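The structure appears below as structure tokens.
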């Protein structure tokens, strides 16, 4: 706005100094708002008439009138000048120049201690730092705290004294400048006397400091506290008494006195804050609530140490919504030994913290397993599996859930295969195209070239490594690719040779992203091999890689290792790219030892870093000769350290392989041990070396508490100790601590008076590791079992018995996303556990630690896991893993375990297909749609191929063209076949089947390639249902009304005939109508689950319903329950569409009711959900204000309904406080229906007061639903209310003569048919379900069968399109006969647009804004689908559904380049949209339609697959008053062209 200032001039109101935010600030105040753009510098300026220019950082307030300048130096003469410009907002401009001089005035004085104090003691403790500003002197009192009330006094501090005043310190700081001055105390005799003192002046007016000789140290554990009291003065070792106190509270928790060693042992958990150590007059304190000593630079990192070790693991940690998460678990003690059988409580936790499933998992032959089906609409993000073993210390297995959107484009990158010489330049062939069979034209490809060392350079010879691993400049980045592509799809990249000196095989890797519209690119990578000679040397170690820990990676890694002082064997070859093995003589084979000399190095911002100087030494050398087809074998004696075997050929080509001979690959107290690794029986030789000689104590400890300790005196030549290893030392969380202290309190040369040393105590054993060798072919063909053979080894001792192995196979791509390391149980049970203790000290604070070092280096996923096998006597086993499709690299993994031992196994299998065939098709099809499918076929073999492709259509789909001719494909070439198909009327799926014959492969027989695609097929027009019924007197006849047949196409025409001897209820109709399209709505999902909850296949088939073998049903119930839980809010309440949506109490009550009912039928639901639900319902009852019912017409009725239902739901659980029920009953007049009164009545009847219950029931049966249908927020109707009331009556067994009459009336009332709500269907089902119509005899003659139909219970029978068109029924029974006939089918002609209350219209525009034809659309073209909905009422539950033509796919983005289009979008921004989802074949939108304001909806759509597609009418309805419907016109057809 700001035009309120229009017509006004611009004058300066006030330019002056002021205190702003505690700082001296210059403020100019103008009359009217200024131009907020930063132009203040060439117009308004300040000038010191002495110093000159100053800070010109002009600031403008939230107000546009005041211009500020912060931080002015005191007592300064400032000249402020305002030039004639400034402009302001209404371009008024300031008149002339305004100059004003001002003095900035002095600052108010201040003084106080820089610190509240510290508990650090001293022998004299001089110098008290103070921050003075313009102050000549300070008076300070000096108190001495009473040794009696000392405790309470100090406890009052942090979270009672005499007086020894001296005071008056002369502080002479410079003017207008805050200086840090110190107060001497050395020349104050009445203060050197030990004790606790407090200074106070008259803003930190007081500080504290202690004088004492007692130097205290403390090690706190999770439940134990060990204290060591020694002297600050005479080295170490001291007695004395000490106490542990509470937080704020000065109350004692425990007391003790030091022994002859200084040690003390106390039991304390939390709250034990202040620690106080006295020796008569001397007293030293320690605040344990402060931060402990930082040990970040020590090797103390690791996993927490638990008594019970629960190792959770699986094939992967990255899943997509829909597929099942697999989890395995192994439970052991603190030394990896078996514990007695016990359960474990596992909970699945989704990102927002809520629990999705809670299982008490039992083990099976020692292995815990957990499968969790992720819902199709599961939240993406970080999930946890939370395990409880009983200690209430929660274990957590993290796993990510992500969803990947398709690429809708294809990029092909190819190279020259055969290696190039360094002289050659490298050129890459690029071919990009759209999936619907169109060249990617003008698409800007952007990528990058990389240079890497090729070591796997010969596929014919696996294991052989090529190239000098020591050669420099083998791994660097090259040029960046930016190619406009231009041509119809094709492009060419090139790379000039920056490599010549290279003596190793190189590879140049292109990584390129193809761009569409700056939205979701298609990235691919390709590599070109480069050799320095047509033939090269190659090394393959005979010894196998062993599993070892890498602290940089923090996971178990395979490395080539041999035993210390041994013989390293190697296979050498002289070979080329193709083929194998050539002749050569005089191969120079050197064994190079890599010697490293480590040394520490200090710096300014690096701190103490561990450096090292390396040197390569030639330990061994041999000379070798090789003939044609020979594998030379060399053996080199090795000792210890890192080696590399180097083979050099006469053509100056080098190949090196690094390996190790040993499994081992200043400001602190350096600790050393005699030998790495121990056992619970040996003895430790501990060497302690400190920079400066001193006294203190060493310790061997863990979590829980210390296992050994000793006070020590370390001279200037180190110290040697001998420590025994008890039998109770088998924890792997053991650490060896050392504390050394310098004698003198004061000294020179700085010297850290405190020195700490801390070393992890090695105790593991390499004899308990199962070494796993996984044998499998490095290459295989898809759709054939992958055979993996396991071979275990142990090195020392015999083969353990009953080795359980758990093999898995996962696509390496999925693993590389998360950098997923193959899980190892060994490192889990025997790995280095963390230092579980906090060190509290009284000496100087820790330096900082700088910090610990780090390290530096749609398609359905293939992810399997076989059952656990058991190896034989030789430790051998075999597993088969059926590989589906897939073309890439599988990482085969295996975890093994016995009772005491554990192991890991890795392997890599390249799954590759000879030829690849991909069929691009639309996301679905509609009956009658003709569509052009694109079949891309590529030949990856080295030979040319003549393939015979055979296509076959199955299901609701047929081919239109003849079979393809035989295709001649050259190596690497791709061809495109067009497959015109048509869909068939019906609801189902169509399958395309492809068979490729020929192939030809020397060495392989190979059965012909088969492939199969499925596609969804739905009728373009909504299903039409027609219901009839009648009562037939004895002798009467009845024929099928022509209404059931007219304008409906046969073969799609179903029908159900219900015959009953009493007023019936269409159970099967309710059930069948409760089986609708997803949409994801809560209530819809819940209502649909009630039938499945109370009907087995036995009962279903009796009604003419088949499918789901009960287990499938129960699984569906589970899926439903998940889908329900995925919408429970954080506060326990539920929402209609999503977890972050508005809250609806009635739905909360509903969902809860279903969940309780589900629990009653043996289905599991996490107690968190149930409990928060019940809490929320209870709060609905006891705090009605928390509710917020939106779009209601009668809030009191809404509230009463919600409260009544909640009351019932809780009352069922015996959790409904009667007082509140009565408190509600005293508001019964607000009820706008009988149902709430009924429910509340049952609640009262349930929780005691039967009288008011019966009253509520009787009243309910005489309280008709009264409301002009607006909302009320009970999702209800007269029908559903009467149904649910009858249901409650029948369920609770109450009034008979009422439920009979009501049942009959309801059966009669059910003739408000054709369009019922899900809630109505559910209610009707609940009514019919709990019904007991008893014996009702009936006989009838029909056209269906020669014999009469007869029964005493109501019978439902199915009818085909013929039986139904010829139906005749005649009662041949003595008594009457009730007959119902329900029909359903799909139209033969497009139906006329209808309308009722709601009105829908659709118009298609172009992105330009103009109207667009749906008969001239080319592929890849965008169109705006403009929907408009209107109604003469307030429809809060309006749901828009716009069926797509298969030729259009939706762009998923809400809100929607300009022009009158924006004038539509805006209107969409004014529409209160509840929910919106862009499906594969639908546009959906939950919205409220207010009276007399049209709802505008626009959504973007892209044309893709060429063809002639059916086009359906728009559709809108009221979800719970579904007689209010509208379908609005259609152009008839959609044409998409290439």
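Once the mean of 1/r is taken over each pair of separate Cα atoms and inverted, region 610-746 shows a Kirkwood hydrodynamic radius of 20.0 Å.
Need the C-alpha centroid separation for region 1364-1413 versus region 407-451, integer Å. Cα centroid of region 1364-1413 versus Cα centroid of region 407-451: 54 Å apart. One Cα centroid belongs to region 356-391, the other to region 1497-1516; the line between them spans 42 Å. Available extension along the chain between residue 371 and residue 471 is 31.1 nm, counting 0.36 nm per residue and deducting the alpha carbon span. In terms of its Cα atoms, region 1064-1332 spans 49, 44, 35 Å along the principal axes, sorted from long to short. For region 301-406, the Stokes-Einstein estimate of translational diffusion at 10 °C and a viscosity of 1.306 mPa s comes to 109 µm²/s, using the Kirkwood hydrodynamic radius over alpha-carbon pairs. Share of Cα-Cα pairs in region 407-533 beyond 26 Å, in percent? So the portion of pairs separated by more than 26 Å is 29 percent. Computed over region 936-1052, the range of Cα coordinates on each principal axis works out to 82, 25, 20 Å, biggest value leading. D by Stokes-Einstein for region 500-552, Kirkwood Rh over Cα pairs, 37 °C, 0.692 mPa s: 207 µm²/s. Kirkwood radius and radius of gyration were both taken over the C-alpha atoms of region 766-913, and their ratio Rg/Rh is 1.13. Rg/Rh for the chain (Cα atoms only, Rh after Kirkwood) is 1.02. Counted over all Cα-Cα pairs of region 213-300, pairs farther apart than 22 Å make up 27 percent. Estimated from helical segments only, the mean residue ellipticity of the chain at 222 nm is -4000 deg cm²/dmol, where each DSSP H run of four or more residues counts as -39500 (n - 2.57).
FRET efficiency for residue 594 and residue 492, Cβ-Cβ distance as r, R0 = 35 Å, nearest 0.05? Rounded to the nearest 0.05, the efficiency is 0.20. Averaging the sequence gap over all C-alpha pairs within less than 8 Å and six or more residues apart, then dividing by the number of residues, gives region 213-300 a relative contact order of 27 percent. Take each peptide in 1357-1364, 1250-1257, count the other Cβ atoms within 10 Å of every residue, and average; sorted highest first, the result is 1250-1257, 1357-1364. Normalised by the number of residues in region 407-533, the average gap of Cα pairs under 8 Å and 6 or more apart makes the relative contact order 37 percent. The convex hull drawn around the Cα atoms of region 1240-1287, when projected onto a plane and averaged over every direction, covers 3.7 nm². Size descriptors for region 347-460 (Cα atoms only): Rg and Dmax, in that order, 24.7, 68 Å. Average projection, convex hull of the Cα set of region 108-212: 6.7 square nanometres. Take the Kirkwood radius over Cα pairs of region 1221-1333, plug it into Stokes-Einstein at 20 °C and 1.002 mPa s, and you get 149 µm²/s for translational diffusion. Just the Cα atoms of region 163-309, one point each, no solvent: what log10 I(q)/I(0) does Debye give at q = 0.18 Å⁻¹? Reported log10 I(q)/I(0), two decimals: -1.16.
The spread of Cα positions in region 1391-1538, taken along each principal axis and listed from longest to shortest, comes to 45, 36, 23 Å. If I histogram all Cα-Cα distances within region 1418-1462 using bins 10 Å wide from 0, what percent of pairs lands in each bin? Per 10 Å bin, starting at 0, the Cα pair percentages come out as 15, 43, 32, 9, 1. For a label point 7 angstrom out from the Cα of residue 1163 toward its Cβ, which stretches of region 1103-1137 have the backbone nitrogen within less than 16 Å? Answer for region 1103-1137: 1108-1128. Legend: calculated FRET efficiency, residue 963 to residue 1502, from the Cβ-Cβ distance at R0 = 35 Å, rounded to 0.05, equals 0.65. Take every Cα pair under 8 Å whose residues are at least 6 apart in sequence, average their separation, divide by the length of region 230-387, and the relative contact order is 15 percent. On the beta carbon distance between residue 251 and residue 993, with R0 = 56 Å, the FRET formula returns roughly 0.10. Each listed q (0.21 Å⁻¹) maps to a log10 I(q)/I(0) for region 1097-1182 from the Debye sum over equal C-alpha point scatterers, namely -0.94. Look at where the Cα atoms of region 1290-1344 and of region 914-935 average out, and the two centres are 48 Å apart.
Computed from label points 7 Å out along Cα-Cβ, the spacing between residue 1010 and residue 946 is 2.6 nm.
All of the numbers you see were taken from the coordinates with simple rules; none came from a lab. FYI the Cβ positions are ideal-geometry reconstructions off the backbone, even for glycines, and counts take in every protein chain you see.
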